[PDB]
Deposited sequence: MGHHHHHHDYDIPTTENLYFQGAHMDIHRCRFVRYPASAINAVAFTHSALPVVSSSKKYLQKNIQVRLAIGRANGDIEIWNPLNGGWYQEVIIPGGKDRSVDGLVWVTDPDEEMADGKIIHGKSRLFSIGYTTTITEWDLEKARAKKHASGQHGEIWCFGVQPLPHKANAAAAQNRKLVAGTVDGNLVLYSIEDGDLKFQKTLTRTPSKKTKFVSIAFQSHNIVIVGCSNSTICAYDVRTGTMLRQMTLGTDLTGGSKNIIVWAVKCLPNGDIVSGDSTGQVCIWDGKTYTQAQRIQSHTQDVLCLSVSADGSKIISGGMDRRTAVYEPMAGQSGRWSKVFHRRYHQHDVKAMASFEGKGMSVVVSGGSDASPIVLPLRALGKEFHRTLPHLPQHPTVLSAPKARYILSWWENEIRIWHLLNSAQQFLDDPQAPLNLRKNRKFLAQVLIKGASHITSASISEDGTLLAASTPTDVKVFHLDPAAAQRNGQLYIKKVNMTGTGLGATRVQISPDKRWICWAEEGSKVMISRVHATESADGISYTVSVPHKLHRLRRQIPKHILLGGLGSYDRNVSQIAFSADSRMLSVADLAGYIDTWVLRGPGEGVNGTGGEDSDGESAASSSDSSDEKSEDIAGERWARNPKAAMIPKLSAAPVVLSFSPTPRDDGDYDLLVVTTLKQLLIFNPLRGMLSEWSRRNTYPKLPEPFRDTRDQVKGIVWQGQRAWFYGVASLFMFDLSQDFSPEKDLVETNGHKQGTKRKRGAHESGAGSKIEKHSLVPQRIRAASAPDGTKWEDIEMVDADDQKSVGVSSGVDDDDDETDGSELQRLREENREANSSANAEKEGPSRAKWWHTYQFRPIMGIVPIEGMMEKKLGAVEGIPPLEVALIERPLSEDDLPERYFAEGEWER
């Protein structure tokens, strides 16, 4: 339960905590913005720099996570919240062709994301607002599968969905909308389910069924062109894919992977590859590799049989996951060649397509990139949240006490929370609300927990994606729908009762306009990367900074004489743009002699930078201690930093499986230290009782 680190005078006293039962949600769906990018040479590499490849991961709890593959440094960027009685069962990206403007500038095709969730509704997601963009339903059964019709027209794209009562339905996503368009087919039997879908060409849809059949349908007419029969009369074809040559690969409930000739629609081959249901398939872009995953937890790899034309041989199988393999998808481009699989064990697993089965796979964290753990250091509270409940514990100065379970009502999960250092002011957000609470350690209920008082806060009803209370408890800053920065004054009133809190109406804080060419803004993910990932106050609560995924840092200063106002930091525009997304944004608590601040940043590329924001520039320390001088273990981009803990002028940085300590009063060339003994880390948070440091280190192992 306890550990103690000592590095050349610095003591860290650790409470090793495993009692925060952060739940794992199964991965049900995996999908890339692009399956494949065109091959280009080093001379033409710069023609793909502005293409934005993202991975979407859909969870059983309805969460949708946007990941950036970052040439192997996988980084979880944004989590769009699910909600009570919501689940994601399928994901589809629709990415337009690139388009050349009259002046020869390339607009990279825009990417739109849709999902289905065991209902009659298809949902399109607003990546720019991290919330639902539109819902569309029709009179048909629950949708069990869907896909986008491939291009042969390009300005009038179509989705085809199969339902549980055996209907193909067509949805139009024309001119940026989403609506039910037409029912194509009604199977004779309402017990026949359409469970998997793939396109063989623009007009021919392949559908796996629950009645031991695979059917080919013409998209224009709805006519059944070909029926393929398997085997029982209840063989479920959970997965169908088409090879580049038009051949069909199927995976079914009996554990078989079958190959069907694309022209005759006859069974060319049967491979008894799994011992339980085959749930998912993946095919490489060149059609030379097939991947399958099953309820038997195994992943299998197939390659073309030497000599024999159009037939396949199983190369190997291996258990990568701890539970079933529910979904997988491949990406090939910019030197990357991977398949990503997922299942009930909640970890995404990345296999390198060019070196399968050689122990080069990677298991990505099952814990969110955001720590999702907080402390109130002066109160010795530790806090976490998931779904729609906040849990609060007290580490006694029977060293544990469960203080409160705060319920946040809403159709969606909590997106963010913040607590004051003394544990009396608590804030939490959803996409529809920003909620504020007043905590009194003397206010108890019969169930033993704290009595939590609501603090009135009026708002736009657009909620927030991140929320942050200032250290002096006078301000609450949040990011509304990712891109808009808001701030409210927290008014404390004293009386015989003690303190009572009220909150002002939100005030808008304006970020700098950035110079981004119109061909970049109009393509790919639009303004998705302006999503604010960090909000940071300085220790004196007189400066405020935010940074977004694109790497822009905005700064405000508090002007004294409610005679106070937040104003634009005069030298804000001089702060450079980061070349990679910030994972940490933190004001050093140590005052500077020149009255400026040390604003520290860590990026996904493991850059470590300190800016002096009032002067508007990189600090002298950063000018000496550049990237090549950082310790080689720290520069490993497979080790993503999640958080920071200050110890005076020493800074501690942790990832999911790593802990570093740098003495920032010193220059690099040893005076830096690290350890890998802690894993898997949710977060490390200080508590109060060379200054020694006392922290709660929260680990959340699954297996």
{"item": "Missing C-alpha runs, given along the deposited sequence, first residue counted as 1", "value": "1-13, 166-171, 251-256, 423-438, 603-633, 742-847, 868-878, 893-908"}
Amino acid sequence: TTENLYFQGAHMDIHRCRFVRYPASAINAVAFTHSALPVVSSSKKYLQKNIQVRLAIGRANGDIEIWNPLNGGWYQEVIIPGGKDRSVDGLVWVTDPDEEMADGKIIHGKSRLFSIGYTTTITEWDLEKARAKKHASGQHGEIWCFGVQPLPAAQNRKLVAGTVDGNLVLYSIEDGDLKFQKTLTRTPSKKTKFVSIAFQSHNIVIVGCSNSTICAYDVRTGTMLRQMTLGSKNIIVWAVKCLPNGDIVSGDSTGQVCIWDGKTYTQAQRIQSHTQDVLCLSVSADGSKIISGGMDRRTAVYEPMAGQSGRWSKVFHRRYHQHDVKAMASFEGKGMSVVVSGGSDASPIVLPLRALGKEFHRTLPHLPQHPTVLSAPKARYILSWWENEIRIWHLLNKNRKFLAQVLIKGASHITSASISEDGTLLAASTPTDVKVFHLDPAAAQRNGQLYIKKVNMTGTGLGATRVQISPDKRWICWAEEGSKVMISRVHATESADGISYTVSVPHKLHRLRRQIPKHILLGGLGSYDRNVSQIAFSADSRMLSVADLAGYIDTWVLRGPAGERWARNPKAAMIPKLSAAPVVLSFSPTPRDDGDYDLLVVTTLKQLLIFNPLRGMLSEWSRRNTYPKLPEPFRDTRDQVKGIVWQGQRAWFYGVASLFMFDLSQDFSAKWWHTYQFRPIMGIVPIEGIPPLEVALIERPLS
From here on, numbers count along this sequence of modelled residues.
{"property": "Residue range whose averaged C-alpha B-factor is higher in the record, 34-42 or 47-55", "result": "34-42"}
{"property": "Of 511-519 and 340-348, the stretch whose C-alpha atoms average the higher B-factor in the entry", "result": "511-519"}
{"property": "Residue of maximum C-alpha B factor among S375, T603, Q256, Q269, per deposited coordinates", "result": "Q269"}
{"property": "Out of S586, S189, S384, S284, highest CA B-factor residue", "result": "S189"}
{"property": "CA B-factor ranking of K577, expressed as a third of its chain", "result": "middle"}
{"property": "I392 - which third its CA temperature factor falls in, relative to the rest of the chain", "result": "lowest"}
{"property": "Cα B factor band for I690 (lowest, middle or highest third within the chain)", "result": "highest"}
{"property": "Chain-relative CA temperature factor third for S665", "result": "highest"}
{"property": "Modelled-residue ranking by C-alpha temperature factor, third containing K671", "result": "highest"}
